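Next comes just one chain, in structure tokens: the form deposited in one PDB entry.
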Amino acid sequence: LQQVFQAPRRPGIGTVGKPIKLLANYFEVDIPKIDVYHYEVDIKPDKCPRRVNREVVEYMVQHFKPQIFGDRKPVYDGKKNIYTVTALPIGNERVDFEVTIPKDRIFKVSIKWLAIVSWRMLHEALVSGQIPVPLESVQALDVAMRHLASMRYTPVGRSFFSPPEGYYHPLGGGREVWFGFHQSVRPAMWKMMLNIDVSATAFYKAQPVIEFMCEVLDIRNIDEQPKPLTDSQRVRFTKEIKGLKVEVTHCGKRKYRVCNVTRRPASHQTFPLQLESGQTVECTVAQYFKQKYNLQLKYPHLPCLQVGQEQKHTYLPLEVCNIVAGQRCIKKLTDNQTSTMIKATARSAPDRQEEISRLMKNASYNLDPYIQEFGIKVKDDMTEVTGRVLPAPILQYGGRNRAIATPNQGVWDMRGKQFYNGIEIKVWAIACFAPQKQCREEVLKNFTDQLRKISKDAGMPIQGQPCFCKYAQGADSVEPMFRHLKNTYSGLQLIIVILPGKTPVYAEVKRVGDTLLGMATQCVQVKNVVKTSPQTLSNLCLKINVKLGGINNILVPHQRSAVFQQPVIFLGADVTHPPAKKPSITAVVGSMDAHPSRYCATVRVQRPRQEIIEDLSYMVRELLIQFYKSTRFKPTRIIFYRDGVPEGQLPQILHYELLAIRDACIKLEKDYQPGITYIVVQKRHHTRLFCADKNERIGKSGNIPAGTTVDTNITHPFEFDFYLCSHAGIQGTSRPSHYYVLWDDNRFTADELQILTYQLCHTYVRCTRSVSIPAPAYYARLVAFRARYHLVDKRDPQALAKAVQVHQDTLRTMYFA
């Protein structure tokens, strides 16, 4: 795509904030100012795994030196791209015919010159900043520096993993944790940077399929009371093993991919087998394995794996199959597996810092023969960078004392403070979906008493007892009760729903409440009803007040950016994709006052895995319209925070979405052209920042302080990007959010935009804490997540779209809080 909208240059660096010395997991890379030669490699067959492509090229490099490669050490991306330090002695296009040994594998390979890539030009961009960074030069460098690791380890995205050795972290259900590292090369001022971080992801364990089945179905002993799998067990087992690769053990080692699991057991599952007589008969898998391999199945009552093409009949008894090693788990982990993995992978900032250092020392990048071939040198120590801790905004509260809150280390509380605009709760009801013996009437009364007191101190007075309180069982009971409530109790403001933990009832409560009836609901776990704490109750009130149209607090007005001198709307946008049928979900929220405090939400479904927000123009138009309704002001500026996108698609996302925002404005009025600031906020990266002075480490996790900002040294050489760690680190190693200013009509300075971004992280209503991303971005995530619950069903795109449309009386509410 011809990039029409060029990203704005960095207008300057920030000067505001207390200086803090930091170390970054970015290591300086020195490159020679030379030409690098780019060749295209065409392999047939062309749909082999990258691993196989690498084996093919490695064979060629070793067997074709006097002809082609000489003493050069080429680097290869496992696909189309090969690089060498000097030109290959070829005119144009050489075709090869090789027999790589395992059955024998024959490949047809052709190689031709594609381009000359200049690393001098790359250097000149990094030092001057008067030319665009040559991406083709960066790619060549990236391929050279990860070539060896790609041969040694198992690549996963931009990371590398290897089988566990000296450690073992089973997750259950046939999954385990592999440790490894991320590696990427990134342009910075003066020099390229090698970004290295430790990493850990889920892999399927290399074990017999039988044992894999027993973990998935939670079977302690396959030999205790042996019996066929129930229909539920089969489907459950099938969903886990379908798509996975298995290997057989009855032939001394062929691999297959599982396409299905037979309903019939091995004793009865048949297939057409041609005998020596020429006659074809329906032979069972058990009979076949007995006659062919003299194998007596120990578990003929168990199903078979169907492998290869579904159209044909290749069945494998479970007991002759192993799960193939090295298969990454793309499927979602259970709540239990998630907890176990987080536990085994949690690393404090000082510990991660040491692991990265240790990795770099042991890696010996300067002893990599391919790195040496290309005359590349890597600095041993982490890049030093002086960050700045931005000042936190003061928050204004209400009540008769009108207290202010001053954040300390990214945190404040409501002690002695009342909501800026607190709602009085006259009419409210309680629906208890936890059983009576689990949540007695006496427990209910104590909960509501403690809640009414906390709410009174917070300036959200709950008058009297609930108008209605009753027990109920099952999600089927939600709609009848809710409809009854809406029709019986006039002026009903809130339903408090007590839940027995994880239950389908929650999704139904939100469906009926948000989309069907348009009624405010607040769910609470029964454990938090039985054991009440002022802190939990206080946090509950934060959500309730906002859901009922209140304002918890505001930024002190005179300590904000000058953009507030004119009507300005803040947008947050997010896209969530379905786990590894279901659609992708897009969400855009928009501020509805000048604080900015209250937000309205829009949400859509679209094609699975599509990153671009397809309906953005319509969504923005709705928000602009609602903004005008609420404020009677036409926004002169639009500040758009877009939650993370893959950087490989970033120029495409900006192009179409910036057009869509502009499109929305013009369709409202022909000459309506408000100033647009488009900011991408990213958490899914591997940039790590550590306190250089170990005494400045905060808490047990020992992370950098909230407000720590970096816009030098490791950032883009001329574009407008910065890291801001807005949150207190209380768990593992903090991820500083990365902000990329892709467009700015509004002439923001670095300080102004960095501070504005920080302040927005203090406007998030769910907690009195500075959060890791601006509230509009966070709100957008919550809206998309809520839509997923709305989509829960107990088909066609049109029905899916209707399922996420909230009720009329919900459209102008913060139901997502």
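Numbers for residues come from their place in the sequence shown, where the first is 1. Rigid core (definition): largest C-alpha set, two forms, superposition within 1.5 Å. Residues that one form lacks are left out of the comparison.
Another form exists, deposited with a partner chain bound; not displayed. Remarks below refer to it.
- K629 is the sole member of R358, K629, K502, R254 with a non-hydrogen atom lying within 4.5 angstroms of the partner chain in the entry with it bound.
- Comment: the partner chain is not present in this chain, but in the entry with it bound one of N421, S701, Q606, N81 has a heavy atom within 4.5 Å of it, namely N421.
- Across the options 562 to 570, 384 to 392, 470 to 478, 430 to 438, residues that bring heavy atoms within 4.5 Å of the partner chain in the entry with it bound belong to 562 to 570.
- The partner chain is not drawn, but in the entry with it bound it has no heavy atom within 4.5 Å of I714.
- Under a 4.5 angstroms non-hydrogen atom cutoff, the partner chain in the entry with it bound lacks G459 among its neighbouring residues.
- Proximity of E354 to the partner chain in the entry with it bound falls outside the 4.5 Å heavy atom cutoff.
- The partner chain in the entry with it bound comes within 4.5 Å of a heavy atom belonging to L668.
- When the two forms are overlaid on the rigid core, CA displacement between this form and the one not shown of 2 Å or more is confined, within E93, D449, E354, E384, to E93.
- Taking only residues common to both forms and fitting on the rigid core, the CA shifts of 2 Å or more between this form and the one not shown cluster into a single run of 3 or more residues at 92 to 102.
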